[PDB]
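So you can see what is in the structure, the chains are spelled out below.
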Amino acid sequence: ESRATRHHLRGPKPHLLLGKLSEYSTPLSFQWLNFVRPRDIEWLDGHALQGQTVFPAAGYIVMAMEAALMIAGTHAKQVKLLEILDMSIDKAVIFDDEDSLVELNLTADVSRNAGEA
Amino acid sequence: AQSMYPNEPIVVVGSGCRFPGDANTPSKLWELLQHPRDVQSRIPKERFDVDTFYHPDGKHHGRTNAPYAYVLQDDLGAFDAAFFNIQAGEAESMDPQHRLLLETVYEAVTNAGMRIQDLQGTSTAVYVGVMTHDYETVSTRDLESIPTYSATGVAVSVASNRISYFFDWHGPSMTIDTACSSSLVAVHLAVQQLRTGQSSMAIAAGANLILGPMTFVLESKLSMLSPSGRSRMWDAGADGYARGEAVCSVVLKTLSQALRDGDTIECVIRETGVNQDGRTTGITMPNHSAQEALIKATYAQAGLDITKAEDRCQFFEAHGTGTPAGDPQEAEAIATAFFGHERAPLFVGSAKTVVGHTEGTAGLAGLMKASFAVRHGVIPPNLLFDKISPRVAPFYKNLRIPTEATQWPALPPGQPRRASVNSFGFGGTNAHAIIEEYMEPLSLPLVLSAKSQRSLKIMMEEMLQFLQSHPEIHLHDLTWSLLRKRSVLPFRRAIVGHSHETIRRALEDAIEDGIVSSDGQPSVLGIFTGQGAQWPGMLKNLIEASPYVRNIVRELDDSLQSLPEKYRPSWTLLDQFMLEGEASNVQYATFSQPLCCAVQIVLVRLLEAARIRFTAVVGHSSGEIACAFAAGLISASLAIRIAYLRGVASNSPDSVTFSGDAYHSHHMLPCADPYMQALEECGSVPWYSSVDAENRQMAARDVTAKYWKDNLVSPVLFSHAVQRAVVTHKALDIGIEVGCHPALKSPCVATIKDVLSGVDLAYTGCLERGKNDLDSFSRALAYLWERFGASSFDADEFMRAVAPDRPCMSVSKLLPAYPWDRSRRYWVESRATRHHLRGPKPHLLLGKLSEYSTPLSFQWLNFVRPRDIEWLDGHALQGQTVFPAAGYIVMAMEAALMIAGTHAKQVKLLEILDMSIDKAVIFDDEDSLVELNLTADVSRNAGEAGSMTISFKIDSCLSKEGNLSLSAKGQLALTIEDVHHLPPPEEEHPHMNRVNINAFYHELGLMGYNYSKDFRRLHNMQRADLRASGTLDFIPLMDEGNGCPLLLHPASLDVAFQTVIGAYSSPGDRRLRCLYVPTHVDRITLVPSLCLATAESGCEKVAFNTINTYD
Amino acid sequence: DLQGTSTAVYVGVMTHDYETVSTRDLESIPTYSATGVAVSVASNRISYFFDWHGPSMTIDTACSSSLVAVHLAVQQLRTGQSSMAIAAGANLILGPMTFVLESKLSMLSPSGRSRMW
């Protein structure tokens, strides 16, 4: 069992909006891998732009906040507050059809872990 | 005889091959084998970039030392899913092994001369040997993106089952896996399945494909593969086996079963034994004794004495994988089986030298080499054999590896050429097969069919090219093979032509037109043409081109001479008017009536020779007389005789053609009286009269002379007879205007449609107006075939009647293979999987970039062990080998380089800010793997501002038992461009006691810094005033897998760090009372251009200054 | 007694989670992974340990594999070439590969039990 393989067979639940944490993740660096298709996310059909189903920017924000929750849990921390700073939505995810799979990889790297602070 | 062997000799009747070197058919495979070429090539990036996995050391973690393989030159994703009734999603889900197995099995069935309909629903068995199922890993490495039909598409078993699923076979469908022997083992099982009699036919198939690095890495871990990339059988260069992509299918039958079915034979598998290696010196190690016992037992089962040369095999397709440990065992086994029990040698040659070691199908591959050879009497050579291996030399006394296409050794008369095939799978499952040569003790329409009209057009093009290439091939045999020995498919076309030129031009016309027909119906209605429709020179070509028609004409002449002397003979039109070149007009009753009668008699006899089941409706005048014969109650002789004697109508509800000032009128009424008076002394099929409206549609009432008189006297209700025939037999399928088309076409078809409301039953003419007789009849048969497949008529019986001499041969072997659509590439690749198979080189110190990386986020994954990094052994702390902090820094800088390259940026400057080494990577042993994952995320990409900020983290995991931890972290600030940057060094600090480098490193080791080799590269140093300077070797480091230098050899940077300690401590002072390791670097800053320039300059020795700022 | 005899082996294996779990991460793959996880070896190794020389097929006909092996073994026993024949079968749950693949076709029972008929 490569420790990546162990983290693959084992590991956290496939968190919604995030999928499974990458096998090569760390307490300091994480990469949740998912393949979102609208039919697998019942509510995602509601966000349509120009007819096409588009992953909401609020979706990216919720993904980031859930990643923050999972990171804090990894450090056994409870987040009293959760800011998202200088966030930018570069490319809207357009879903061709409700069964189309769009890969979302949320890579979150704790540049500062100052739980002492 | 060859069928008298103890166990019934199975027979290879056909084969389908997808072998490397463009060998997409057995003929091409044989040409390659007897004329080998350097087929092997670098693993195409279309399959997987092996350079992303290549490493000279085979045992290197996650690498393969064999970057070559005998790969197929075809797009394996290009598959005719529509042909096999497989949907796009399922076809993509399918293993390319399964798809190519389907294609090759269909090719083998075609070559054997079998229609899929004939085998459809039979008890045919399938035994597929597959070992290297890269699919079910490539398509499933990322569980996400796995298609719905992945389970069955990639399941190893389905490889066989799906075949039988498509062909509607009910025999056993094993998918065997005995490693390299798998396919051959399958043959054995197939052979057994054929010797039980439960399966009249058995596909023995094999499939090995190169779709992922899994197999390469696994085999190279054991050094099984050949780093040179070629399976040098029994050669001194033996260093493993080169993987090869091959999909083979072989149709096997019992010799008696094949002969009774009239299938052309490729070879005779006399016996196929399977044995296993005992507890050899290792699971992978083959056993010479086991293989010798296998050969001896197989020959004994075949009834062959191994000691006798007559019972011996002159050729031996050896396993011949090029393994230094396995090849000697095989040579010893061969020598001790065929010799060592006491003068041409016993030729030994492995196909894997030419097409590579194709693992699962390897056995079958060898079988093919043994098959074609034994069939062609040529011992194919071995491409890679330059010097006999010293280990194989002792057993090479009685053996000779052919380096040239050698003619078969002389044999005793009556003894078939005999070859042997050996395939040993790692684990030791050895399969041995004994093969032999089979001792072998007017034309039909050229029919083509495909599952798509595009495929049918490509078939027409390929057949035209084949005819141009092979004008020598008999047209009769070609058409008979295309009809009886080739599968019928939804989209159909038929080509009409008497000779090669005619058929080629008709094929050209069909190709230009593009008109084809789409989608047990031999029911035809015989509509018989009458006087007034006869064309000049009818049957002239048929009579002068078909001896069967000539014999029929002789019978007609005999009937003519049987007339009463008053009317004996009505001058023979068969030899006066049915003449080529003359084409004299025939309107005279004395000739026109018997001429049409003979035309229709000959045509109906030909149709019955094709076993066409008839319903009969009479026409007028001759159309009646001939129809009387078609009823199965009146002899043809009587019909033609009555027509000659007579020599001397309501066609449809909308058509009436009563004629006068002539027949059906008083003009011929008087002559009918004496004629009938002569007919009184002169003479099974549903048959309906029309001359007599209703009463004489019965068997017994149609023989009266008054009916033959009414033939010309009474009015003809042809429409009523057609109505009766088509309403009493609503199941009727087609109608044929026997004789002079198109006289009765329009009214007859209109009557059929009217009686059967809206039922536009097919209509066909067989002798057109002024057209070639052979072409006319062949076009009639072509229409019949295009309408009702092979069930329309039987070509075998037709050629049994027509041209009994030279029975048609199943030339399906030489016919072009089916032109698989290949338009759409059905493949599965998660973009992570694509980045895995593909992607950048495995950068040293970094490994492979993570599959889920981005231009903005990257994660290089590696498993560093000191022996795989030769220099890494030099950095030892407290004896343990420890990954240098300089190692982490160089990893970060190389990651910065790769990131800049990803953005097409050249780094003018590369700072590392606030770097921290959190956990030193301790290597327990030089072979211990420590996982290093460098995750670098460009928090700022301001190439517009010329900057790039990248937070980087080298996470480390010492052992797979533990979790992934942080080894180092920091930031990278890259000053970049779309393609003196640092302060000049201080003034070479003036006075510095010359630090004895040997003493310096001795003290460092005393304090736990056991630096060695590359990390003792500090050429000279001198320290004073809390400072040090000197010169350290800027030793270059380059990635052999990439062929380019790195920014820094971590040894040089670690020596630079040691300079800080030197400034802090002199040799022999012991100011370094504890082992300090770099924990937090405030700012490194490297000029990559200058570092690379120094590395490539060759000086590799650079000066340095250093301040021990805090001490 | 069986050591060195012509005993055959016919193993039915369909669900080789190993060769995927142990090879999902090509790094950390052990040296003997090739033969250790190769489907064929499943049979061969048996005969290798017991020093058997009979056929050592590793069959895969999906759920029928092992029974098919029996048939082959039966045939191998009716030829007289093997005084004995192991008919074996092996299905193990070591990775999610098989579960995900089968559930993609809904082959598996969500209730978790094969409710026959």
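Bear in mind the residue numbers are our own, running from 1 along each chain as written, so they may not match the entry, and residues with no coordinates are left out. Note on labels: chains are lettered from A, ligands numbered from 1, in written order. Part of a larger assembly is shown; the reported values describe that part exclusively. Where side-chain values are given, they derive from all heavy atoms of the structure, hydrogens and water being excluded.

Method of determination for the deposited model, per the PDB record: cryo-EM, at 2.91 Å resolution.

Peer 1: Please explain the sheet that holds strand 19 (residues 523–528) of chain B as it appears in this structure.
Peer 2: Sheet strands pair by backbone hydrogen bonding; their relative direction is either parallel or antiparallel. Residues and elements named next belong to chain B. Spatially, the five strands line up as an open sheet ordered 21-20-19-22-23, and their pairing is parallel. Two strands bound the open sheet, and with one partner strand each, they are strand 21 (687–688) and strand 23 (762–765). The sheet contact formed by strand 19 and strand 20 (residues 613–617) spans five bridges and is parallel. Within the sheet, the bridge partner assigned to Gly 526 lies in strand 20 and is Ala 616. By definition in these notes, contact holds between two residues if any of their heavy atoms fall within 4.5 Å. Comment: axis = line fitted to C-alpha atoms, over the contacting stretch for helices; angle = value between 0 and 180 degrees taken between N-to-C directions. Segments assigned H or I by DSSP are reported as helices when at least four residues long, segments assigned E as strands when at least two residues long, and all are numbered from the N terminus. Across the sheet, helix 25 (residues 773–788) touches strand 22 (734–738) and strand 23, and the angle it forms with strand 23 is around 160°. When DSSP finds two or more bridges between two strands, those strands count as paired.

Peer 1: Which parts of the structure should I look at to understand the nonpolar core?
Peer 2: Soluble, globular proteins show a tendency: their nonpolar side chains are buried together. Residue and element names in this part refer to chain B. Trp 169, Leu 446, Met 463, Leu 478, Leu 606, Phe 793 and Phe 798 are the most contacted members of the largest nonpolar core, which totals 216 residues. The greatest single-element share of this core, amounting to 13 residues, is contributed by helix 18 (residues 589–609). If we skip the residues at most four places from it in the chain, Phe 798 touches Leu 442, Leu 444, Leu 606, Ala 609, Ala 610, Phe 777 and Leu 781. The definition of a nonpolar core used throughout is a set of buried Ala, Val, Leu, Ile, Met, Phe, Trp, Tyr and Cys residues joined through side-chain atoms within 4.5 Å. Think of it in three bands: with a 1.4 Å probe and only protein chains considered, a residue is buried below 20% of the maximum accessible area for its type, exposed above 50%, and partly exposed in between. Counting residues in each nonpolar core, the second largest holds 80 residues, with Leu 972, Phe 1000, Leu 1037 and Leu 1053 among its members.

Peer 1: How should the packing of aromatic side chains be read in this particular structure?
Peer 2: Working definition: an aromatic ring pair is given by the centre-to-centre distance plus the angle between the planes. All names here are of chain B. Between 30 and 60 degrees the pair is tilted, below 30 it is stacked and above 60 it is edge-to-face, where a pair is any two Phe, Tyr or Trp rings, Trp via its six-membered ring, whose centres lie within 6.5 Å. Within this structure, the stated rule accounts for 40 aromatic pairs over all chains. Taken together, a centroid distance of 5.3 Å and an interplanar angle of 15° make the contact between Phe 84 and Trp 820 stacked. Residues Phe 84 and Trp 820 agree in their burial class; the two are buried. These aromatic residues form a ring-pair network of at least three members: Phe 79, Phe 83, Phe 84, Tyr 106, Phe 166, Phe 167, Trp 169, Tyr 818 and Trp 820.

Peer 1: What is the right way to look at the interface of chain C and chain B in this model?
Peer 2: Interfaces are often described in size by the accessible area the parts lose on coming together. Of the residues lining the interface, 54 residues belong to chain C; the matching set on chain B comes to 64 residues. Accessible-area loss on putting two parts together, using a 1.4 Å probe and summing over both, is the definition of buried area adopted here. Counting each side, the surface lost to burial between chain C and chain B is near 4700 Å², with a carbon and sulfur contribution of 63%. Only one rule defines a salt bridge in this text: a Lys or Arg side-chain nitrogen within 4 Å of an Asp or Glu carboxyl oxygen. If you look at where chain C meets chain B, you find one salt bridge. Notably, a salt bridge pairs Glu 27 of chain C with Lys 848 of chain B, separated by 2.8 Å at the nearest N-O pair.

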